[PDB]
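Read the structure below first, then the notes.
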Amino acid sequence: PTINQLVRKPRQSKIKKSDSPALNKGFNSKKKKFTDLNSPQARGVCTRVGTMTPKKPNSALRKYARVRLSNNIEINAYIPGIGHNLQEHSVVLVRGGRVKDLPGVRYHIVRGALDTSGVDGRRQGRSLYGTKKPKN
Amino acid sequence: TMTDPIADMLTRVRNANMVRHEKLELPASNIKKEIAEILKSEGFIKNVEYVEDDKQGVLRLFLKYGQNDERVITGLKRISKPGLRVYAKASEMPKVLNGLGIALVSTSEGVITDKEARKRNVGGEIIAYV
RNA sequence: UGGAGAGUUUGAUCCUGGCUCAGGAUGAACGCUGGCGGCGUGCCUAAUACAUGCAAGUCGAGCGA
RNA sequence: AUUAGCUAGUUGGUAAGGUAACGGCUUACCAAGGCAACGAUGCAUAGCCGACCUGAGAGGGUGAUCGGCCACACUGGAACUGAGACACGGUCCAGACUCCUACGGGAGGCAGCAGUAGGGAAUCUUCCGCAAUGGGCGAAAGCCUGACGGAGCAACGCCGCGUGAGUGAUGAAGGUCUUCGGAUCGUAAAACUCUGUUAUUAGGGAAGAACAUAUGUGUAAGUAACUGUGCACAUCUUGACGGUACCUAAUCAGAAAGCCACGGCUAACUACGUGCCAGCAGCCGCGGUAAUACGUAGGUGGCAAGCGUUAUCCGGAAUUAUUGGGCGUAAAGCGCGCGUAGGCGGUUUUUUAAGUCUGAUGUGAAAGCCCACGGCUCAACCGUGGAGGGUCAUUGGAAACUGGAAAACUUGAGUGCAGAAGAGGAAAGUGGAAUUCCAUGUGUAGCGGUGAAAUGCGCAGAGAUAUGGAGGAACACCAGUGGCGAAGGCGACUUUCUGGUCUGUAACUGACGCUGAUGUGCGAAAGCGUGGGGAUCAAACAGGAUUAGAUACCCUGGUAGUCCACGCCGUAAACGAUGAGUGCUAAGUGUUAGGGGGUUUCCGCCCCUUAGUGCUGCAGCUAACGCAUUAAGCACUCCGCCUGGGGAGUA
RNA sequence: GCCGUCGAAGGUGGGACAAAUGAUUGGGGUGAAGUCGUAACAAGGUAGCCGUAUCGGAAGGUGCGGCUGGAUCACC
RNA sequence: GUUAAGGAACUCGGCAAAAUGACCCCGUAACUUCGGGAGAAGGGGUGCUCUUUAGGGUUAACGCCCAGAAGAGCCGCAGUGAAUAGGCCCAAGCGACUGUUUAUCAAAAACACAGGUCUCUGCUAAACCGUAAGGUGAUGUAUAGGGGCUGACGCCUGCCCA
Ligand SMILES: [Mg+2]
Ligand SMILES: [Mg+2]
Ligand SMILES: [Mg+2]
Ligand SMILES: [Mg+2]
Ligand SMILES: [Mg+2]
Ligand SMILES: [Mg+2]
Ligand SMILES: [Mg+2]
């Protein structure tokens with residue numbers, strides 16, 4: 001507004017918040033690295049084999065994996081692709097991005113470098129799922 | 001109250017052009033006797049008189065129109081009003097409509113136009129546009 | 001010298017208004033594939049105890065022996 | 001600022017001591033100050049600049065290699081030598097840790113160069129070596145140099161470059177689509193023809209090295225080119241890397257190419273399998289019996305030794321808007337006055353140069369972006385020049401506005417005099433009409449209430465009906481668009497005391513202003529505290545029915561409350577849903593209190609000028625509705641507030 | 001070698017601020033509405049809404065003030 | 001009266017004893033009716049001799065009594081060196097408080113209390129003592145007198161009249 005008021009208080013701009021909460025900050029030090037920052041990726045360790053549904057009008061079935069992350073906290077997940085060589089308490093790489101119409105799930109289990117290593121059943125969409133073909 | 005009546009003169013320039021009046025009877029002083037006699041030598045007003053008594057003498061304005069009863073003065077914009085002061089750079093004051101108008105500056109020599117400042121590189125307060 | 005947009009509230013509009021995408025980036029990670037001439041940059045997370053190597057000497061026209 | 005006070009040797013003199021010097025620099029008697037709403041003090045986050053990133057720019061986010069400055073050395077103090085260390089590799093002490101000894105004692109500090117261990121989704125050789133440039137020591141040869149000159153390893157980033165082209169119609173084999181009456185990739189493939197950047201063959205072989213040392217004979221002290229130099233050369237000399245950069249000659253077009261997508265956006269389409277399932281998804285979402293929007297082959301598009309996905313940051317986002325927004329109903333104008341600091345201030349002339357203007361000097365070092373070129377075969381990078389910092393200090397000219405300073409000016413603002421209109425307040429009396437309850441009669445079976453009914457009062461004499469007297473509260477008719485106060489609000493009358501506004505202007509000192517962050521004072525009703533008084537209406541409460549059920553709505557009853565005096569609480573659809581102040585711009589028609597032209601015709605009349613008050617209506621503005629001289633129009637000043645909806649005016 | 005001023009660490013004691021946690025406990029959003037009623041939007045069938053009291057299983061109902069963002073005939 | 005090492009293990013129970021104790025200083029929380037908490041807690045110093053200086057009153061003044069500061073020094077195991085003089089803290093229960101009670105087995109959480117209500121009394125008042133006269137209530141008169149219940153202050157006191 002008035003140039004008198006703008007001297008007396010500047011434009012304190014709009015804060016934003018992260019779309020994906022449970023990563024990427026200095027958390028809660030407890031004389032060791034009790035919890036840390038994972039900007040793109042991490043390890044995991046699993047806790048539960050997941051089976052769930054979307055909720056809005058949709059009626060399909062989905063297979064998450066409710067884990068405890070490497071910084072004491074609890075998140076859901078998802079395995080893209082077909083195969084599932086995963087059981088309880090097995091290491092899984094992470095990468096962010098929510099899943100719409102599921103009520104509370106958080107990230108994608110990377111199908112390349114983990115115990116989630118390689119998914120067969122795919123032949124054209126490949127590097128999104130970690131499937132090889134050394135002929136070409 | 002009435003703060004900076006120089007804008008109130010240039011308000012009544014816009015008032016009489018809009019409803020297409022002819023005679024404009026406003027009180028004005030030696031600040032504004034320096035003002036409107038710029039544009040008479042630039043092509044906006046038919047005739048500007050002199051103030052009668054230099055304090056309470058009203059300066060009568062008879063505005064200039066076109067042959068088609070078409071408007072000569074498009075609009076007006078104050079620049080340096082009380083609360084934010086604008087002063088001109090050396091050769092870097094801006095142009096009115098790519099040079100087609102008069103930007104009024106009152107430099108350290110008196111009220112001139114923005115054309116006359118580029119022969120002596122002066123600054124001064126950029127008062128109004130056209 | 002140089003400055004773009006699209007989608008979605010309604011049976012259908014104009015407006016306010018949020019959220020979302022295309023683009024540029026990384027001393028990035030990770031996903032598939034792999035010919036290099038040549039140029040650069042490679043502890044950013046536990047300030048987690050540091051094997052083995054070398055980094056400060058020189059002077060024999062100081063002066064001893 | 002959901003942190004307002006803060007230090008006490010703190011602030012100051014004085015004294016002598018104290019370090020390179022000033023010094024509360026550390027101590028001693030007196031002295032009453034420091035800092036602060038212009039952010040003092042206290043918390044959590046942080047090495048900082050030159051530069052990197054994005055952007056039209058203004059700006060936003062970042063602090064890495066690369067240079068300048070700074071601090072620190074497992075942790076916490078304190079020293080010693082010397083030119084100017086509180087010392088990284090020294091040192092005495094104290095603490096938590098490793099490990100050995102004869103258990104009396106001593107040793108150890110890789111945030112030096114690397115390598116291992118460790119939390120990790122994540123960052124490399126334990127490489128010869130001083131030749132060049134730089135540094136200590138010596139008069140010199142030289143000597144130690146993990147500074148550095150370079151190599152060993154990862155698509156880690158940009159750059160350049162190839163996996164070939166010239167020649168080569170009959171739609172050859174053959175894939176999924178098809179009347180498979182047929183198309184597509186496709187001169188593609190199959191052949192034919194040259195080429196060998198690149199490389200599956202070895203070698204001659206850098207300008208990067210100028211010197212130093214003296215020795216070739218020159219500079220003065222040449223006495224003396226031995227010495228410091230090497231001012232003829234520095235010529236018997238100096239290359240790990242490097243049998244490198246380069247380059248020729250060979251059997252050979254033969255080894256040397258992916259990756260994501262293809263509804264709409266958005267660049268790119270077809271046939272089946274599953275068929276609201278395994279899924280997919282940046283949003284619209286495509287999926288209930290294939291489905292151009294899921295896996296598959298064909299096809300295409302993009303980029304290309306690289307393609308996608310993630311998390312993060314800037315642009316898109318005019319979505320924090322100085323350049324560049326908004327408040328009547330969409331988010332947003334305090335419930336409203338007096339008012340301190342503060343912000344802004346009409347006109348005139350004359351100075352001052354504090355801002356502003358331009359001149360001059362010095363400086364804001366390399367290196368980057370850009371503006372250019374020999375060269376690395378171009379290019380990435382190097383080289384030379386060029387622009388790029390001042391809200392700065394200081395050094396002259398100009399006086400136009402904003403500002404301190406001298407003088408008068410009268411439109412704004414204030415008083416004086418001449419006059420009206422008021423429900424503007426505050427104490428005290430006083431008056432009329434209706435409601436309820438008490439006294440008697442005449443009188444008597446009903447009065448009430450309702451869609452219907454009752455519950456109830458009545459026959460012990462109710463209502464009806466008259467005089468009677470007891471109280472308390474409002475203030476019919478005037479009364480209407482009217483009036484008034486800044487708002488909440490104020491309507492019977494009389495009296496004493498008491499504010500403000502307006503009409504006309506001869507007078508009066510002479511800018512004495514507008515806005516107001518905190519502060520402070522009035523606030524409709526309800527509610528509460530301590531006392532009075534209590535007719536009516538009446539939350540709570542009991543009753544009858546309406547209702548399947550009923551505090552509901554309906555009915556006779558009914559207490560706190562309503563009224564006064566005193567002290568508080570301060571909110572509302574506290575509204576014109578429109579903050580104040582000044583000037584401004586087409587016009588018609590009312591109404592109230594005043595003034596201008598008449599014999600003033602009396603609520604006859606028209607003629608005007610000023611201030612409140614309502615209606616209708618151009619230009620303009622607005623999303624539209626609608627404002628529209630009492631603006632939501634054009635501008636100026638200052639204040640308050642908003643930035644998706646809930647969560648929430650909650651904790 | 002002893003005495004004294006200054007002096008890290010340690011030990012003693014009452015406080016000050018955040019954080020981790022705790023038997024139960026009070027609202028809040030989320031769903032899927034099965035359970036109990038219709039309180040709004042038509043005059044929503046007792047016209048609604050803002051303050052402020054008091055009562056009820058449940059929206060909510062009544063009292064006293066203000067508002068039209070109150071149909072009919074806009075309540076002449 | 002004293003006691004090695006330990007310090008409630010004793011016991012119905014820290015019952016009795018032991019420690020704390022004066023003056024002068026620094027410093028002091030929750031909580032609240034803003035007075036209080038508070039001697040809160042936890043801490044330090046004190047003896048004798050010698051040198052200088054600033055403090056009242058008395059008085060012409062030497063003289064006399066009242067005092068407080070720093071500095072220097074001495075001695076003991078110990079300097080209010082003997083006697084006299086509080087232990088403290090956290091959390092609940094009942095009663096608001098100071099008071100008063102079973103002379104002689106019970107001192108309280110019982111009784112009083114300031115305040116809240118409810119009812120009775122128009123003056124030769126009701127009430128009580130006295131067979132009556134006379135008196136108390138009172139030389140007081142509804143802001144005053146007799147009785148019943150509750151027991152400062154705060155927020156409150158719900159339905160039923162067979
Ligand atoms: Mg070193
Ligand atoms: Mg190095
Ligand atoms: Mg009231
Ligand atoms: Mg009102
Ligand atoms: Mg005590
Ligand atoms: Mg206590
Ligand atoms: Mg008697």
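Letters A, B, ... mark the chains of the structure tokens in the order given; residue numbers begin at 1 per chain; ligand numbers begin at 1, in order shown.
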Point to revise | Test item: chain A residues at most 10 Å from chain E, counting only C-alpha atoms (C1' of nucleotides), as a PyMOL selection string | key: chain A and resi 28+30+55+103
Take the residues that were just selected and, keeping N, CA and C atoms, output them as a compact mmCIF listing (two decimals), in the first residue's frame.
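Saved result, out.txt, follows:
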```txt
# COMPACT_ATOMS: atom_id res chain seq x y z
N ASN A 28 16.08 -33.67 15.01
CA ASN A 28 16.08 -34.34 16.33
C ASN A 28 17.35 -35.13 16.67
N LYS A 30 20.29 -36.69 18.85
CA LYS A 30 20.28 -37.32 20.17
C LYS A 30 21.66 -37.93 20.44
N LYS A 55 -10.43 -45.13 -2.71
CA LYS A 55 -11.56 -44.81 -1.85
C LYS A 55 -12.61 -43.89 -2.46
N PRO A 103 -5.87 -43.25 0.31
CA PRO A 103 -6.07 -42.24 1.36
C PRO A 103 -4.79 -41.81 2.08
```
With DSSP run on the backbone, what are the alpha helix (DSSP H) residues within chain A? I'd like them as an mmCIF file with N, CA and C atoms, in the first residue's frame.
```
data_model
loop_
_atom_site.group_PDB
_atom_site.id
_atom_site.type_symbol
_atom_site.label_atom_id
_atom_site.label_comp_id
_atom_site.auth_asym_id
_atom_site.auth_seq_id
_atom_site.Cartn_x
_atom_site.Cartn_y
_atom_site.Cartn_z
ATOM 1 N N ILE A 3 3.625 4.022 0.830
ATOM 2 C CA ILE A 3 5.072 3.878 0.941
ATOM 3 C C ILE A 3 5.562 4.182 2.352
ATOM 4 N N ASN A 4 4.743 4.841 3.174
ATOM 5 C CA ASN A 4 5.086 4.978 4.584
ATOM 6 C C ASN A 4 4.961 3.641 5.297
ATOM 7 N N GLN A 5 3.872 2.907 5.038
ATOM 8 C CA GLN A 5 3.658 1.630 5.714
ATOM 9 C C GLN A 5 4.644 0.574 5.252
ATOM 10 N N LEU A 6 5.020 0.598 3.972
ATOM 11 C CA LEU A 6 5.935 -0.408 3.445
ATOM 12 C C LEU A 6 7.326 -0.283 4.042
ATOM 13 N N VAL A 7 7.706 0.918 4.469
ATOM 14 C CA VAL A 7 8.920 1.070 5.256
ATOM 15 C C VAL A 7 8.736 0.443 6.633
ATOM 16 N N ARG A 8 7.563 0.638 7.248
ATOM 17 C CA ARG A 8 7.361 0.171 8.613
ATOM 18 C C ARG A 8 7.167 -1.336 8.715
#
```
Exercise for review: Would you list the contacts of residue 61 (chain C) as a list in words, taking every protein, DNA or RNA residue within 12 Å and counting only C-alpha atoms (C1' of nucleotides), but skipping same-chain residues closer than 3 positions in sequence?
Suggested key: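 Those residues are residues 138, 139 and 140 of chain D.
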Those same residues - N, CA and C atoms (P, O5', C5', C4', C3', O3' and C1' of nucleotides) - I'd like them written as a PDB file, in the first residue's frame.
```
ATOM      1  P     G D 138      72.145 -18.685   6.333  1.00  0.00           P
ATOM      2  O5'   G D 138      73.227 -18.969   5.201  1.00  0.00           O
ATOM      3  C5'   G D 138      74.317 -19.848   5.439  1.00  0.00           C
ATOM      4  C4'   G D 138      75.078 -20.135   4.171  1.00  0.00           C
ATOM      5  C3'   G D 138      75.176 -18.984   3.192  1.00  0.00           C
ATOM      6  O3'   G D 138      76.201 -18.076   3.538  1.00  0.00           O
ATOM      7  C1'   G D 138      74.620 -20.981   2.040  1.00  0.00           C
ATOM      8  P     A D 139      76.137 -16.558   3.032  1.00  0.00           P
ATOM      9  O5'   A D 139      76.677 -16.630   1.541  1.00  0.00           O
ATOM     10  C5'   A D 139      75.854 -16.274   0.439  1.00  0.00           C
ATOM     11  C4'   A D 139      76.641 -16.255  -0.847  1.00  0.00           C
ATOM     12  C3'   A D 139      76.921 -17.620  -1.474  1.00  0.00           C
ATOM     13  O3'   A D 139      76.871 -17.502  -2.893  1.00  0.00           O
ATOM     14  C1'   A D 139      78.964 -16.517  -1.018  1.00  0.00           C
ATOM     15  P     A D 140      75.487 -17.746  -3.668  1.00  0.00           P
ATOM     16  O5'   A D 140      75.689 -19.157  -4.374  1.00  0.00           O
ATOM     17  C5'   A D 140      76.372 -19.251  -5.613  1.00  0.00           C
ATOM     18  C4'   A D 140      77.141 -20.540  -5.731  1.00  0.00           C
ATOM     19  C3'   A D 140      76.320 -21.816  -5.791  1.00  0.00           C
ATOM     20  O3'   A D 140      75.784 -22.062  -7.081  1.00  0.00           O
ATOM     21  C1'   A D 140      78.173 -22.098  -4.326  1.00  0.00           C
TER      22        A D 140
END
```
Exercise for review: Find the spatial neighbours of residue 582 (chain D), counting only C-alpha atoms (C1' of nucleotides), within a cut-off of 10 Å - ignore same-chain residues fewer than 3 positions away - and output them as a ChimeraX atom specification.
Suggested key: /B:1-3,5,8 /D:514,636-637
Keeping only N, CA, C and O atoms (P, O5', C5', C4', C3', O3' and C1' of nucleotides), write the selected residues to a file as a PDB file, in the first residue's frame.
```pdb
ATOM      1  N   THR B   1      -6.083  18.020   4.459  1.00  0.00           N
ATOM      2  CA  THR B   1      -6.482  19.163   3.652  1.00  0.00           C
ATOM      3  C   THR B   1      -5.913  19.060   2.258  1.00  0.00           C
ATOM      4  O   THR B   1      -5.524  17.981   1.833  1.00  0.00           O
ATOM      5  N   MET B   2      -5.855  20.181   1.545  1.00  0.00           N
ATOM      6  CA  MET B   2      -5.307  20.186   0.193  1.00  0.00           C
ATOM      7  C   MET B   2      -3.794  20.087   0.279  1.00  0.00           C
ATOM      8  O   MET B   2      -3.121  21.033   0.697  1.00  0.00           O
ATOM      9  N   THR B   3      -3.267  18.934  -0.108  1.00  0.00           N
ATOM     10  CA  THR B   3      -1.840  18.676  -0.148  1.00  0.00           C
ATOM     11  C   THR B   3      -1.404  18.616  -1.603  1.00  0.00           C
ATOM     12  O   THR B   3      -1.992  17.868  -2.392  1.00  0.00           O
ATOM     13  N   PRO B   5      -1.225  21.122  -4.442  1.00  0.00           N
ATOM     14  CA  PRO B   5      -2.238  21.489  -5.446  1.00  0.00           C
ATOM     15  C   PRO B   5      -1.772  21.404  -6.895  1.00  0.00           C
ATOM     16  O   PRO B   5      -2.590  21.641  -7.791  1.00  0.00           O
ATOM     17  N   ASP B   8      -3.735  19.046  -8.441  1.00  0.00           N
ATOM     18  CA  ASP B   8      -5.125  19.470  -8.573  1.00  0.00           C
ATOM     19  C   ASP B   8      -5.332  20.333  -9.809  1.00  0.00           C
ATOM     20  O   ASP B   8      -6.434  20.348 -10.371  1.00  0.00           O
TER      21      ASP B   8
ATOM     22  P     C D 514      -7.234  20.519  11.254  1.00  0.00           P
ATOM     23  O5'   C D 514      -7.142  19.150  10.459  1.00  0.00           O
ATOM     24  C5'   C D 514      -7.870  18.956   9.258  1.00  0.00           C
ATOM     25  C4'   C D 514      -7.184  17.958   8.360  1.00  0.00           C
ATOM     26  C3'   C D 514      -6.968  16.575   8.950  1.00  0.00           C
ATOM     27  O3'   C D 514      -8.110  15.747   8.884  1.00  0.00           O
ATOM     28  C1'   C D 514      -4.972  17.325   7.938  1.00  0.00           C
ATOM     29  P     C D 636      -2.615  10.268  -7.051  1.00  0.00           P
ATOM     30  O5'   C D 636      -2.628  11.430  -5.967  1.00  0.00           O
ATOM     31  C5'   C D 636      -1.752  12.540  -6.069  1.00  0.00           C
ATOM     32  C4'   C D 636      -1.844  13.394  -4.838  1.00  0.00           C
ATOM     33  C3'   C D 636      -1.622  12.669  -3.529  1.00  0.00           C
ATOM     34  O3'   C D 636      -0.265  12.419  -3.229  1.00  0.00           O
ATOM     35  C1'   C D 636      -3.527  14.039  -3.343  1.00  0.00           C
ATOM     36  P     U D 637       0.116  11.152  -2.319  1.00  0.00           P
ATOM     37  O5'   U D 637      -0.276  11.608  -0.852  1.00  0.00           O
ATOM     38  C5'   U D 637       0.388  12.686  -0.228  1.00  0.00           C
ATOM     39  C4'   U D 637      -0.169  12.915   1.141  1.00  0.00           C
ATOM     40  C3'   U D 637      -0.174  11.708   2.059  1.00  0.00           C
ATOM     41  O3'   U D 637       1.085  11.469   2.671  1.00  0.00           O
ATOM     42  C1'   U D 637      -2.266  12.797   2.144  1.00  0.00           C
TER      43        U D 637
END
```
Practice item. Can you tell me which residues come within 9 Å of ligand 5 when counting only C-alpha atoms (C1' of nucleotides) and all ligand atoms, ideally as a list in words? Key: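 The residues within 9 Å of ligand 5, counting only C-alpha atoms (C1' of nucleotides) and all ligand atoms, are residues 38, 39, 40, 41, 86, 88 and 89 of chain F.
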Exercise for review: May I have the residues of chain B within 12 Å of chain A, counting only C-alpha atoms, written as a list in words?
Suggested key: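 Listed by rising number, the hits are residues 81, 82, 83, 84 and 85 of chain B.
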Given the selection you just returned, output its residues as a file containing C-alpha atoms, formatted as a JSON list (two decimals), in the first residue's frame.
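Contents of the output file result_10.json:
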```json
[["chain", "number", "residue", "atom", "x", "y", "z"],
["B", 81, "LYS", "CA", 4.14, 13.17, -5.55],
["B", 82, "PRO", "CA", 4.64, 13.75, -1.78],
["B", 83, "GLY", "CA", 5.75, 10.43, -0.33],
["B", 84, "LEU", "CA", 7.98, 9.21, -3.15],
["B", 85, "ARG", "CA", 10.39, 11.53, -4.96]]
```
Practice item. Would you mind listing the residues within 10 Å of ligand 1, counting only C-alpha atoms (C1' of nucleotides) and all ligand atoms, as a VMD selection string? Key: (chain C and resid 55 to 56) or (chain D and resid 88 to 89 112 to 113 145 to 147)
Export, as a PDB file, in the first residue's frame, the selected residues with N, CA and C atoms (P, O5', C5', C4', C3', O3' and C1' of nucleotides).
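Output below, filename again_1.pdb:
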```pdb
ATOM      1  P     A C  55      59.637 -36.376   4.919  1.00  0.00           P
ATOM      2  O5'   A C  55      58.353 -35.445   4.767  1.00  0.00           O
ATOM      3  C5'   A C  55      58.192 -34.600   3.637  1.00  0.00           C
ATOM      4  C4'   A C  55      57.076 -33.597   3.820  1.00  0.00           C
ATOM      5  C3'   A C  55      57.285 -32.512   4.860  1.00  0.00           C
ATOM      6  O3'   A C  55      58.162 -31.494   4.417  1.00  0.00           O
ATOM      7  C1'   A C  55      55.111 -33.370   5.067  1.00  0.00           C
ATOM      8  P     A C  56      58.703 -30.335   5.396  1.00  0.00           P
ATOM      9  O5'   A C  56      59.006 -31.032   6.797  1.00  0.00           O
ATOM     10  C5'   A C  56      60.165 -31.837   6.987  1.00  0.00           C
ATOM     11  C4'   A C  56      61.296 -31.094   7.658  1.00  0.00           C
ATOM     12  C3'   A C  56      61.266 -31.066   9.183  1.00  0.00           C
ATOM     13  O3'   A C  56      62.610 -30.994   9.673  1.00  0.00           O
ATOM     14  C1'   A C  56      61.200 -28.869   8.360  1.00  0.00           C
TER      15        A C  56
ATOM     16  P     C D  88      48.606 -23.573  15.872  1.00  0.00           P
ATOM     17  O5'   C D  88      48.318 -25.080  15.482  1.00  0.00           O
ATOM     18  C5'   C D  88      48.251 -26.083  16.480  1.00  0.00           C
ATOM     19  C4'   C D  88      48.201 -27.446  15.852  1.00  0.00           C
ATOM     20  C3'   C D  88      49.538 -28.131  15.662  1.00  0.00           C
ATOM     21  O3'   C D  88      49.981 -28.771  16.838  1.00  0.00           O
ATOM     22  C1'   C D  88      48.302 -28.273  13.665  1.00  0.00           C
ATOM     23  P     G D  89      51.483 -28.560  17.353  1.00  0.00           P
ATOM     24  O5'   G D  89      52.267 -29.761  16.675  1.00  0.00           O
ATOM     25  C5'   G D  89      51.683 -31.048  16.594  1.00  0.00           C
ATOM     26  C4'   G D  89      52.289 -31.830  15.466  1.00  0.00           C
ATOM     27  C3'   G D  89      53.805 -31.859  15.420  1.00  0.00           C
ATOM     28  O3'   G D  89      54.365 -32.780  16.342  1.00  0.00           O
ATOM     29  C1'   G D  89      52.925 -31.499  13.248  1.00  0.00           C
ATOM     30  P     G D 112      44.799 -31.695   9.276  1.00  0.00           P
ATOM     31  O5'   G D 112      45.742 -31.201   8.094  1.00  0.00           O
ATOM     32  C5'   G D 112      45.828 -31.935   6.884  1.00  0.00           C
ATOM     33  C4'   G D 112      47.123 -31.662   6.166  1.00  0.00           C
ATOM     34  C3'   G D 112      47.397 -32.514   4.937  1.00  0.00           C
ATOM     35  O3'   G D 112      46.846 -31.939   3.766  1.00  0.00           O
ATOM     36  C1'   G D 112      49.291 -32.525   6.369  1.00  0.00           C
ATOM     37  P     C D 113      45.768 -32.739   2.890  1.00  0.00           P
ATOM     38  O5'   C D 113      46.650 -33.668   1.959  1.00  0.00           O
ATOM     39  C5'   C D 113      47.744 -33.152   1.223  1.00  0.00           C
ATOM     40  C4'   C D 113      48.510 -34.288   0.620  1.00  0.00           C
ATOM     41  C3'   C D 113      47.633 -35.426   0.139  1.00  0.00           C
ATOM     42  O3'   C D 113      47.107 -35.205  -1.156  1.00  0.00           O
ATOM     43  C1'   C D 113      49.371 -36.288   1.479  1.00  0.00           C
ATOM     44  P     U D 145      62.086 -34.679  -0.208  1.00  0.00           P
ATOM     45  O5'   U D 145      61.214 -33.337  -0.278  1.00  0.00           O
ATOM     46  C5'   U D 145      60.139 -33.120   0.627  1.00  0.00           C
ATOM     47  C4'   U D 145      59.527 -31.737   0.540  1.00  0.00           C
ATOM     48  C3'   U D 145      58.580 -31.477  -0.605  1.00  0.00           C
ATOM     49  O3'   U D 145      57.349 -32.134  -0.446  1.00  0.00           O
ATOM     50  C1'   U D 145      59.897 -29.559  -0.203  1.00  0.00           C
ATOM     51  P     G D 146      57.087 -33.458  -1.293  1.00  0.00           P
ATOM     52  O5'   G D 146      55.526 -33.409  -1.578  1.00  0.00           O
ATOM     53  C5'   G D 146      54.773 -32.233  -1.314  1.00  0.00           C
ATOM     54  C4'   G D 146      53.303 -32.546  -1.272  1.00  0.00           C
ATOM     55  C3'   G D 146      52.636 -32.289   0.069  1.00  0.00           C
ATOM     56  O3'   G D 146      51.283 -31.885  -0.132  1.00  0.00           O
ATOM     57  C1'   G D 146      52.583 -34.622  -0.424  1.00  0.00           C
ATOM     58  P     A D 147      50.817 -30.401   0.273  1.00  0.00           P
ATOM     59  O5'   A D 147      51.751 -29.438  -0.575  1.00  0.00           O
ATOM     60  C5'   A D 147      51.238 -28.753  -1.702  1.00  0.00           C
ATOM     61  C4'   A D 147      51.639 -27.301  -1.708  1.00  0.00           C
ATOM     62  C3'   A D 147      51.449 -26.577  -3.032  1.00  0.00           C
ATOM     63  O3'   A D 147      50.121 -26.122  -3.242  1.00  0.00           O
ATOM     64  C1'   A D 147      53.620 -26.139  -2.204  1.00  0.00           C
TER      65        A D 147
END
```
Review point. Neighbours of ligand 3 within 12 Å, counting only C-alpha atoms (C1' of nucleotides) and all ligand atoms, as number ranges by chain?
Key: D: 523-528, 561-563, 569; E: 52, 64-65
Convert the current residue selection to file output with C-alpha atoms (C1' of nucleotides), as a PDB file, in the first residue's frame.
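Dumped to again-v2.pdb:
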```pdb
ATOM      1  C1'   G D 523     -20.597   1.613  24.824  1.00  0.00           C
ATOM      2  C1'   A D 524     -27.998  -1.203  22.360  1.00  0.00           C
ATOM      3  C1'   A D 525     -29.662  -5.225  25.107  1.00  0.00           C
ATOM      4  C1'   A D 526     -28.461  -9.593  27.964  1.00  0.00           C
ATOM      5  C1'   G D 527     -25.404 -10.878  32.299  1.00  0.00           C
ATOM      6  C1'   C D 528     -22.980  -9.980  37.528  1.00  0.00           C
ATOM      7  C1'   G D 561     -35.038 -10.281  35.127  1.00  0.00           C
ATOM      8  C1'   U D 562     -37.729  -5.587  33.397  1.00  0.00           C
ATOM      9  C1'   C D 563     -37.614   0.445  36.702  1.00  0.00           C
ATOM     10  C1'   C D 569     -17.994  -6.605  31.745  1.00  0.00           C
TER      11        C D 569
ATOM     12  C1'   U E  52     -26.361 -12.386  25.245  1.00  0.00           C
ATOM     13  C1'   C E  64     -35.035  -9.399  26.067  1.00  0.00           C
ATOM     14  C1'   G E  65     -32.474  -5.762  21.961  1.00  0.00           C
TER      15        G E  65
END
```
Exercise for review: Can you pull out every residue within 7 Å of region 9-26 of chain B, counting only C-alpha atoms (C1' of nucleotides), but drop anything in the same chain fewer than 4 positions away, and send it as a PyMOL selection string?
Suggested key: (chain B and resi 5+58-63+75) or (chain D and resi 584-585+619+634-635)
Exercise for review: Would you list the contacts of region 21-26 of chain C as number ranges by chain, taking every protein, DNA or RNA residue within 9 Å and counting only C-alpha atoms (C1' of nucleotides), but skipping same-chain residues closer than 6 positions in sequence?
Suggested key: C: 6-7; D: 53-54, 265-266, 282-283, 312-316
**Study point:** Coordinates-based distance that separates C1' of residue 320 (chain D) from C1' of residue 58 (chain D) (Å, one decimal)
**Key:**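 Interatomic distance here is 15.0 Å.
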